[PDB]
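Each chain, written out:
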Amino acid sequence: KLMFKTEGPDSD
Amino acid sequence: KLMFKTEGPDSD
Amino acid sequence: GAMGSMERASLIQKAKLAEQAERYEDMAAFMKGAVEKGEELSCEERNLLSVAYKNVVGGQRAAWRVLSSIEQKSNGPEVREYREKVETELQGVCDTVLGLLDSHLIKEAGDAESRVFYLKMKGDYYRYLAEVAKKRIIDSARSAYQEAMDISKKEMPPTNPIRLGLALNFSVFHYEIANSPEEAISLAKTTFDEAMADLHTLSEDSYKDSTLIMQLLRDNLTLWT
Amino acid sequence: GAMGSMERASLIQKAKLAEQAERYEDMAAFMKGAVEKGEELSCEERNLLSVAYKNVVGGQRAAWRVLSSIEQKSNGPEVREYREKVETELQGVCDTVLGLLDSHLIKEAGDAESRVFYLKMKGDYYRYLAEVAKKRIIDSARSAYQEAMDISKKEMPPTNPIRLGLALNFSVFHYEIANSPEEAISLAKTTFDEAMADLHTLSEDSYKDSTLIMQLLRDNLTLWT
Ligand SMILES: Cc1sc(C(=N)N)cc1-c1ccccc1
Ligand SMILES: Cc1sc(C(=N)N)cc1-c1ccccc1
Ligand SMILES: Cc1sc(C(=N)N)cc1-c1ccccc1
Ligand SMILES: Cc1sc(C(=N)N)cc1-c1ccccc1
Ligand SMILES: [Cl-]
Ligand SMILES: [Cl-]
Ligand SMILES: [Mg+2]
Ligand SMILES: [Mg+2]
Ligand SMILES: [Mg+2]
Ligand SMILES: [Mg+2]
C-alpha cells in the first residue's frame, strides 16, 4: 500500500 | 564493534 | 505492573538506553511504567513515550499490510488466522496507548504543548485502529484531532512543530480514513502557507524544526495533486 | 507448548508468512513448534528454522553490543541492569536453539547435508553464548564446528554452500573467539582456494550460490590482512 507522510518515526 | 562476515542474515 | 518496583528515573534512563539499542518494545514498556507512576511527563518524556509506541505499532502496521495483501490475493485458514493474530496484537498496543492517555495523561494536561501532544496521539492511535477496522472508531479519531486542532490554533504559533505534526496527521486522516481528499489537500496547503508566513520570527534551530515538517506536508501534496 | 495444537503444515506455512512480514519472533516460534512435532526437517524447513533464529538473535546481539559499549564507557546500576536483561534474553534464545538441536534434531540427522547443518548451528549458538560470556562454552563451540568440518570434508564437495558457510563461521570463531587469527586466515584461504578449483564442475545457479559465500571469505581476509 502507498503510505503518506505522517509525523515522527517512519517505522512501518 | 567491528563485526566480520558470517553465514546467512546480517541481522545484527 | 512489572515495572511497579522500578524507580521512575531508572525507567526513563532505561527507555533512553533502549532507544539507543533499537529495543522499542522494551522502550515502550519502560515508558508505560513511567506513566503509571502517576506524575505528569516532561516534553522529553512525552517524546520518549510517543517514539517508543510509534516504532512498535509501525512494525505491526507494516506486517499487517503484508499479510492483508497476501490474504486479498489468496481470495486454508492460515493466512486469515495469522493476519488476525497480528491485527489483534496491533489493536492491543493501540488500546494500551489509549488507556494511558485516558488514565490519566490527558485530564492532567493543562498546558497547550502537553494537551495538544496527547490529543494528537489519541487521534493517531484511533487512526491506526481505523486502518484495520469502524464508523465509531473513525469519529473517535476525528474528535481527538479536532479538539487538538482547536487548541493549537488558539494557543500555538503556526510554525509550532507540535501544531504542524498534528495538521500533517489530521490531513492524512482526511485523505485515507475519512475519504475526504479535498479536505486533506486544503488542510495541507493552509497549514504550509501559514507556517511559511511565520518563519521570519524564528531562530535558525527553530526554522530547521518547522521546515522539516513543512517538507512532509509538501511531500503529501506532491503525491495528492 | 503453545503451538502444540497447530498442524505441522500450518506452522510451516505461517513461518513463511512471518518471514514475508519480517516477523521473526513469530517465525522462530512457528518453527520451534514444527520441530517439536518430532519429525525430521526438510532442507527448506531447516533453512526456515535457521533464518528465524538468526534474525532474532541478531537483534539481540546488536542491542547487547550497544549496551556493553555504553557500560564500558560509563566505567547508577541501570546500564548494567539493562545490559544484563538483554544478555539473559539472548542466552535464553541460544539455550532454546541448542535445546532443539539436542532434542532431537542432531541425533536423528543421518545425511551429511542435515547433520552438518545442525552441527554448524550448534557451533554458532555456542559462539553467540561465548560473545557475552566461558572456556567450556568456547570448547563446546569448537567441538561442534570440528565435528561438522570433519563430516563436511569427507562427504561434501568443497563448493557445497553448507560446507562453505560452516568454514566461514568456523574461521570467525577462530579469529574472534579462540584468539587464533592465523588459524582463521589459513582456514579462509584454504577453503576459498579448494572451492575455486571445483567451480568448473558446477551449473550456473550452483556457481552463483558458491561464489556468494566465497566472497564472504574474501571480505574477511581483506579485513584480516
Ligand atoms: C524532541 C525530542 S525527540 C527525543 C527522543 N529521545 N527521541 C527527545 C526529545 C527531546 C525533547 C525535549 C527535550 C529534550 C529532548
Ligand atoms: C508546499 C505547497 S504550498 C501550495 C499552495 N498552492 N498553496 C502548494 C504546495 C505544493 C502543491 C503541490 C505539490 C507540491 C507542493
Ligand atoms: C535455501 C533456502 S533459504 C529459504 C528461506 N525461506 N529463507 C528457503 C530455502 C529453500 C531451501 C530449499 C528448498 C526451497 C527453499
Ligand atoms: C580470496 C583470497 S585467496 C588468497 C590466497 N593468498 N590464497 C587470498 C585471498 C585474499 C587475501 C587477502 C585479501 C583478499 C583476498
Ligand atoms: Cl496464527
Ligand atoms: Cl532492566
Ligand atoms: Mg479482527
Ligand atoms: Mg477538487
Ligand atoms: Mg549475565
Ligand atoms: Mg603470521
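Structure determination for this entry, per the PDB record, employed X-ray crystallography and reached 1.60418 Å resolution.

As annotated in the PDB entry, chain C carries the name 14-3-3 protein sigma and comes from Homo sapiens. Its PDB record names the entry "Fragment AZ-017 binding at the p53pT387/14-3-3 sigma interface". Regarding chain C, the relevant UniProt record gives this comment under Sequence similarities: "Belongs to the 14-3-3 family."

Peer 1: Help me understand the coordination of the magnesium ion (ligand 9), please; the structure alone is not making it clear to me.
Peer 2: Six octahedral donors around a metal ideally make angles of 90 or 180 degrees; four tetrahedral donors ideally make 109.5 degrees. The magnesium ion (ligand 9) binds to the protein through D:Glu84 (OE), D:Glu84 (OE) and D:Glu87 (OE); the donor distances cover 2.4 to 2.6 Å. Residue D:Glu84 and its partner D:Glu87 are both found in helix α4 (residues 78-105); the two are separated by three residues, about one turn of the helix.

Peer 1: What's the story with empty space enclosed by the protein in this structure? I'm lost.
Peer 2: It is a probe the size of a water molecule, rolled over the atoms, that shows where empty space is left. Taken as a whole, the largest cavity holds about 60 Å³ of empty space. B:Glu7, B:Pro9, D:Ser50, D:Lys54, D:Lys120, D:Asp124, D:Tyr125, D:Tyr128 and D:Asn169 are the residues that line the largest cavity. Elements with a minimum of two residues in the lining of the largest cavity: α3 (43-74) and α5 (112-132) of chain D. A total of four residues in the lining of the largest cavity trace back to one element, the largest contributor, which is α5(D).

Peer 1: Hey, could you run me through the side chain of D:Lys54 in this one?
Peer 2: Locating D:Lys54 in the fold gives a position in helix α3. Of the side chains with opposite charge, B:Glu7 comes closest to the buried, unpaired D:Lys54, at an N-O distance of 5.8 Å. Excluding residues within four positions of it along the chain, D:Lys54 makes contact with B:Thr6, B:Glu7, B:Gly8, B:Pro9, B:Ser11, D:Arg61, D:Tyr125 and D:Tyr128.

Peer 1: Any chance you could explain the layout of surface pockets here in plain terms?
Peer 2: Approximately 1400 Å³ is the volume found for the largest pocket. Contributing to the lining of the largest pocket are 36 residues, with C:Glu22, C:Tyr24, C:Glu25, D:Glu22 and D:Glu25 lying nearest its centre. Only α2 (24-35) and α3 (43-74) of chain C together with α2 (24-35), α3 and α4 of chain D provide two or more residues apiece to the lining of the largest pocket. Looking at which element gives the most residues to the lining of the largest pocket, the answer is α3(C), with eight residues. Its residues assigned to classes, the lining of the largest pocket shows 16 nonpolar, eight polar and twelve charged.

Peer 1: Just to check I follow, could you spell out the relation of the copies chain D and chain C for this structure?
Peer 2: Both copies of the chain are placed relative to one another by a rotation about an axis and a shift along it. For these two chains of identical sequence, chain D goes onto chain C by a turn of 180° and a shift of 0.0 Å along the axis, with RMSD 0.0 Å. Taken together, the turn and the small shift mark the pair as related by a two-fold rotation axis. Among all residues of chain D, the minimum C-alpha distance to the rotation axis is found for D:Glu25, at 6.2 Å. A share of 100% of interface residues in chain D that are also interface residues in chain C marks the association as one of identical surfaces.

Peer 1: Teacher, can you tell me more about the pattern of salt bridges here?
Peer 2: Note that side chains of opposite charge can pair when their charged atoms are close. Residues and elements named next belong to chain D. Applying the stated rule across the entire model yields 42 salt bridges over all chains. Note that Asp-139 is salt-bridged to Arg-142, the shortest N-O span being 3.0 Å. In this pair, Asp-139 and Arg-142 both sit in helix α6 (residues 135-155), three residues apart, roughly one turn of the helix. A salt bridge links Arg-163 to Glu-194, with the shortest nitrogen-to-oxygen separation between them at 3.9 Å. Here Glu-194 lies in helix α8 (residues 181-196) and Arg-163 lies in helix α7 (residues 161-177), a separation of 31 residues in the sequence. Residue class for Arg-163 comes out buried when judged on its relative accessible area of 12%. Since its relative accessible area comes to 39%, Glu-194 is described here as partly exposed.

Peer 1: Explain the arrangement of the chains here, please?
Peer 2: Among three pairs of chains with at least one contact, chains C and D form the most extensive contact set. In this view chain A stays clear of chain D, with the nearest C-alpha atoms of the two still 11 Å from each other.

Peer 1: Help me understand the packing of aromatic side chains in this model?
Peer 2: To describe a pair of aromatic rings, one takes the distance between the centres and the angle between the planes. All names here are of chain C. Counted under the stated rule, the structure contains 18 aromatic pairs over all chains. Taken together, a centroid distance of 5.7 Å and an interplanar angle of 55° make the contact between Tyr-145 and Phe-173 tilted. Remark: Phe-173 occurs in helix α7 (residues 161-177) and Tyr-145 occurs in helix α6 (residues 135-155); sequence separation between them is 28 residues. Both residues of the pair, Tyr-145 and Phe-173, count as buried. With centroids separated by 4.6 Å and ring planes inclined at 5°, the aromatic side chains of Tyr-175 and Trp-224 adopt a geometry described as stacked.

What counts and how
- Within every chain, numbering proceeds from 1 in written sequence order, not necessarily in step with the numbering of the entry, and residues without coordinates do not appear.
- Chains and ligands are labelled sequentially in the order written, the chains with letters from A and the ligands with numbers from 1.
- Hydrogens are left out, water is left out, and the side-chain values use all remaining heavy atoms of the structure.
- UniProt positions are given in the numbering used here, feature names are shortened, and annotations may be inferred rather than shown by experiment.
- Donor selection uses N, O and S atoms within 2.8 Å of the metal (3.2 Å for Na, K and Ca). Since no water is included, sites may look incomplete.
- Secondary structure counts use DSSP, requiring at least four H or I residues in a row for a helix and at least two E residues in a row for a strand, with both numbered from the N terminus.
- Here a cavity is any set of points on a 1 Å grid over the protein atoms alone where a 1.4 Å probe fits but cannot get out, and a pocket is any open set with protein on both sides within 12 Å along at least 5 of 7 lines; a residue lines the site when it has an atom within 4 Å of a point.
- Grid points are joined across faces, edges and corners, and a volume is the space filled by probe spheres set on the points.
- For each residue, the accessible area found with a 1.4 Å probe, counting protein chains only, is set against the maximum for its type, and the residue is called buried under 20%, exposed over 50%, and partly exposed in between.
- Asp and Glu count as negative and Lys and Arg as positive, but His and the ends of the chain are not part of the count.
- By salt bridge we mean one thing: a side-chain nitrogen of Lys or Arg within 4 Å of a carboxyl oxygen of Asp or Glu.
- Any two residues whose heavy atoms approach within 4.5 Å at even a single point are treated as in contact.
- All amino acids are sorted into three groups, where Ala, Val, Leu, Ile, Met, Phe, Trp, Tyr, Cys and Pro are nonpolar, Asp, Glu, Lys and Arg are charged, and the leftover types, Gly among them, are polar.
- The superposition method for the copies is least squares, with the C-alpha atoms as the fitted set.
- Any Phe, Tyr or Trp ring, taking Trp's six-membered ring, that has another such ring centre within 6.5 Å forms a pair; planes under 30 degrees apart are called stacked, those over 60 apart edge-to-face, and the others tilted.

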